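Enquirer: Can you keep this structure in mind? I'll have questions shortly.
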Protein chains: 2
Amino acid sequence: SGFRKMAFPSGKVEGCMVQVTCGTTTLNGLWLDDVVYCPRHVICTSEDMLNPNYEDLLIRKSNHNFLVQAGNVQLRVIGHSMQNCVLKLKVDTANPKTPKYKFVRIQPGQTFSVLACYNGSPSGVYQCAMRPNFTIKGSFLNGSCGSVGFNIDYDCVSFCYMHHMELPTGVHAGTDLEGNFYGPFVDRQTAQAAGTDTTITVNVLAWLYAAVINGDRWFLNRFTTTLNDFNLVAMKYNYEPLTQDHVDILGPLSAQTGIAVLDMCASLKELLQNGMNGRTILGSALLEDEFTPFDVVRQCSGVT
Amino acid sequence: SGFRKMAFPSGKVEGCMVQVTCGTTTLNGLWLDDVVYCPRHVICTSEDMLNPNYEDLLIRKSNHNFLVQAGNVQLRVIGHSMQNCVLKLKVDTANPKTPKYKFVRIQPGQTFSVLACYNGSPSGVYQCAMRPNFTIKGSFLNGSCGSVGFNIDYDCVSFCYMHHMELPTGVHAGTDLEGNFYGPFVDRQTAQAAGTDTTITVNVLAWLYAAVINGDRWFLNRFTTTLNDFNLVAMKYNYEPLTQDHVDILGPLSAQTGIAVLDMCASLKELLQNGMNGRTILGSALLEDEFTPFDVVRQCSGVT
Ligand SMILES: O=C(c1cc(=O)[nH]c2ccccc12)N1CCN(c2cccc(C(F)(F)F)c2)CC1
Ligand SMILES: O=C(c1cc(=O)[nH]c2ccccc12)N1CCN(c2cccc(C(F)(F)F)c2)CC1
C-alpha cells in the first residue's frame with residue numbers, strides 16, 4: 001500500500017540527453033538514432049528574443065555552428081533542419097543507447113514523467129500532468145530548455161514533451177517532439193495568456209478510488225448523484241465536465257472497490273461543497289488531479 | 001521557477017536491479033560488483049513468518065537454491081552469507097553497470113530517492129524522507145522487497161535503504177545496505193509499534209524558503225521569535241525541536257532571501273497557530289517536511 005507521485009524510471013531517457021550549443025546559448029537536446037532534437041530558440045540572441053524571424057536566423061547558421069556534446073564526446077553535425085519549433089540536427093553517429101521509442105502528442109489531463117536537464121546532464125525526475133490549459137506546473141531553471149517528458153510502456157519510451165519556456169505566471173510551456181506547441185503559446189519573449197485552468201475531474205475521482213484502496217474512506221457517503229447534477233457542481237468549482245467516457249475509464253476502479261462511479265461523484269460533490277474540514281486524503285489537504293485512472297491502476301496493481 | 005517533489009535520475013540504479021528467487025519466494029536484489037544484496041526474509045516460508053530462526057533457515061540453504069536473474073541472464077551464485085537482515089550472494093560475474101557507490105546510513109529527516117521494483121524490474125521512482133520514527137511513507141506492493149533508496153552526488157550513488165516490510169499502519173520499514181534496520185523494527189510478521197512521528201521542522205522551514213523564492217509570500221509576517229519561544233509551539237504541534245545547527249544549515253537560504261531564520265520561524269509559528277485559512281504554499285494546503293535545505297538549495301540553484 002501507499003500512494004506517491006511516482007515518475008517512471010528515467011534511465012532509458014538519461015542515455016539520450018545531450019548538450020546543444022549555438023553561439024553563446026546552451027540548452028539540452030534529445031539524441032535518438034542519428035538525430036538530436038532541441039528547441040529552435042537555441043539560435044536566438046538576446047536582441048531578437050522579443051520577436052525572432054527563425055527562418056532568417058537559421059539561414060545565418062551552418063552545421064558547424066551547432067555543437068552537440070554527449071557527456072564528453074563531440075557529435076559531428078552533418079545536417080540541420082527546422083520542424084515547427086524544434087531543430088533536428090543530423091549527426092554522423094547513431095545513439096547506441098537509443099531505446100524503443102515513439103513521438104506522441106498527449107491529451108490534456110494526461111500525465112507524464114519529466115527529466116530535468118542542465119548542460120545535457122539529468123538532475124532530477126518528477127511526475128506531472130498536462131493541464132487542460134496546455135501548460136505544465138513543472139520545476140525548471142535557466143538551462144532547462146530541451147528537457148523532455150515521456151511515458152514508458154514496458155520497453156518503449158513515448159516522448160511527448162520538450163521544454164521550451166516559462167510563462168511570467170511561473171507555469172511552463174513546451175512542444176511535442178514534432179515542435180508543435182501544446183496550447184496557444186509561441187516561442188517569443190512576450191506576454192502570453194496562460195488561460196483558465198480547470199481541475200481534471202476524472203483524475204480526482206481516480207485518486208479518490210486510490211484513497212479507498214489505500215485505507216482512506218472518511219469522505220465516503222450515503223449519497224449518490226446523476227451525471228447532470230454532479231456536472232453543475234463541477235462547473236461552479238471550475239472542474240472539467242465528467243462525460244460517460246470518463247465513467248467508462250473508471251469502470252475497473254469501480255469494480256475493484258465496489259463503489260459505483262456516481263457514488264464517488266457524490267462524495268466529490270460533498271468535498272467540493274464542504275471542504276476537507278481540516279482532514280486529509282492520501283496525505284493531502286486538497287483534491288489531487290495529477291493521477292490518471294491508469295496511474296492509480298498501475299500504482300495499486302504493480303505494473304513494471 | 002516551480003517546486004516539485006523531485007527524485008534523482010534512476011538510471012545508475014536500474015542497472016543494478018536483479019531478481020532473487022529462493023524456493024517459492026521472489027523479491028529484488030541489488031547487484032554491485034560480484035555481490036547481490038537482498039532482504040534475508042527471501043528464505044522464509046509462510047509457516048516460520050511469525051518468528052523465523054534465520055540462521056537455521058539459512059543452514060538448510062545452499063548456493064544453488066538462490067536464483068539470481070538479471071533481466072534474462074542467470075547469475076552463478078558461488079557464495080552466500082547473512083549480514084544482519086541482508087543476504088550477500090556472491091556471484092561469478094561483476095555487474096558491468098556498477099556505478100561509483102557508497103553504502104551510507106542516513107539520519108531521520110533526510111530525504112532519498114526510491115526505485116520501486118517488482119521481479120527485478122524498475123516500475124517507478126519517487127522522493128521520500130526517513131521519518132523521525134525511522135519509517136518511510138512509501139508506495140510498495142507484493143514483490144517490492146529489495147527495492148532501494150539512494151542519493152546521487154554527481155556520479156556517485158550512495159545507497160541508504162533496502163525495502164523489507166510494510167507495517168499494519170500502511171507505513172514502510174527497511175534496513176541500511178549492511179542489513180541494519182532503521183528503527184526498532186525486526187523482520188518478523190508481528191505487530192510492531194511504529195512510534196510517534198514528528199514533523200521535520202528544519203525541512204518545513206527550508207520549504208518555506210523555497211516558497212518565498214518561487215513567489216509565494218502570503219505567509220510572511222512583521223513578527224519574529226526566539227529559538228526558545230518557537231520550540232514551545234513546535235512541542236505543542238509535534239514538530240522536531242529546532243537547534244542552532246538547523247539555524248546554521250538554513251544560513252544559505254536566509255542569505256538568498258534576506259529573511260532571518262527566526263523571522264521565518266515566526267511565520268511558521270503563525271501558520272501552526274492559525275492554519276492556512278484555505279490558502280496554499282507551493283501548491284499545497286499543508287506544511288511539507290520532505291525537502292531538506294540541501295534539496296531546496298539544489299532545486300532552486302540547478303545542481304546536475
Ligand atoms: O532556461 C530558461 C528558463 C526556462 C524555464 O522554464 N524557467 C526559467 C527560470 C528562470 C530563468 C530561465 C528559465 N530560459 C532560457 C532560454 N529562454 C529563451 C531564450 C530565447 C528565446 C526564448 C523564446 F521562448 F522566446 F523563444 C526563450 C527561455 C528561458
Ligand atoms: O512484498 C511484500 C509487501 C511489501 C510492502 O511494503 N507492502 C506490501 C503490501 C501488500 C502486500 C505485500 C507487501 N511482502 C512480501 C514479503 N513479506 C515478508 C515475507 C516473509 C517474512 C517477512 C518478515 F518481514 F516478517 F520478515 C516479510 C513482506 C510483505
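Quick note on naming: the chains in the C-alpha cells go A, B, ... in the order shown, residues restart at 1 in each chain, and ligands are numbered from 1 in order of appearance.
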Which polymer residues have any atom within 8 Å of an atom of segment 10-18 of chain B, counting only C-alpha atoms, with same-chain residues fewer than 2 positions away left out, as a list in words?
Expert: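 The residues that qualify are residues 9, 10, 11, 12 and 14 of chain A; 8, 20, 28, 29, 30, 31, 32, 36, 68, 69, 70, 71, 95, 97, 98, 99, 115, 117, 119, 120, 121, 122, 125 and 157 of chain B.
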Enquirer: Determine, for each residue of chain B having at least one atom at most 10 Å from an atom of ligand 1, the closest pair of atoms and their separation in Å to one decimal, counting only C-alpha atoms and all ligand atoms; order by chain and ascending number, as a Markdown table.
Expert:
| residue | atom | partner | partner_atom_place_in_ligand_line | distance |
| --- | --- | --- | --- | --- |
| B:1 | CA | ligand 1 | 9 (C) | 5.0 |
| B:2 | CA | ligand 1 | 7 (N) | 8.2 |
| B:214 | CA | ligand 1 | 9 (C) | 10.0 |
| B:300 | CA | ligand 1 | 9 (C) | 9.6 |
Enquirer: Hey, which of A:158, A:254, A:231, A:169 ends up closest to chain B? Count only C-alpha atoms.
Expert: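 The closest residue to chain B is A:169.
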Enquirer: Residues within 10 Å of ligand 2 (only C-alpha atoms and all ligand atoms), as a VMD selection string?
Expert: (chain A and resid 1 to 2 214 300) or (chain B and resid 25 to 28 39 to 52 54 85 118 137 to 147 163 to 168 170 to 174 185 to 190)
Enquirer: Can you list every residue in segment 106-211 of chain B that DSSP puts in strand (DSSP E or B), as an MDAnalysis selection string?
Expert: chainID B and resid 111:118 121:129 136 148:153 156:166 172:175 181 199
Enquirer: For residue 179 of chain B, which of B:94, B:210, B:265, B:38 is the closest residue, counting only C-alpha atoms?
Expert: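 With only C-alpha atoms as the atom set, the closest residue is B:38.
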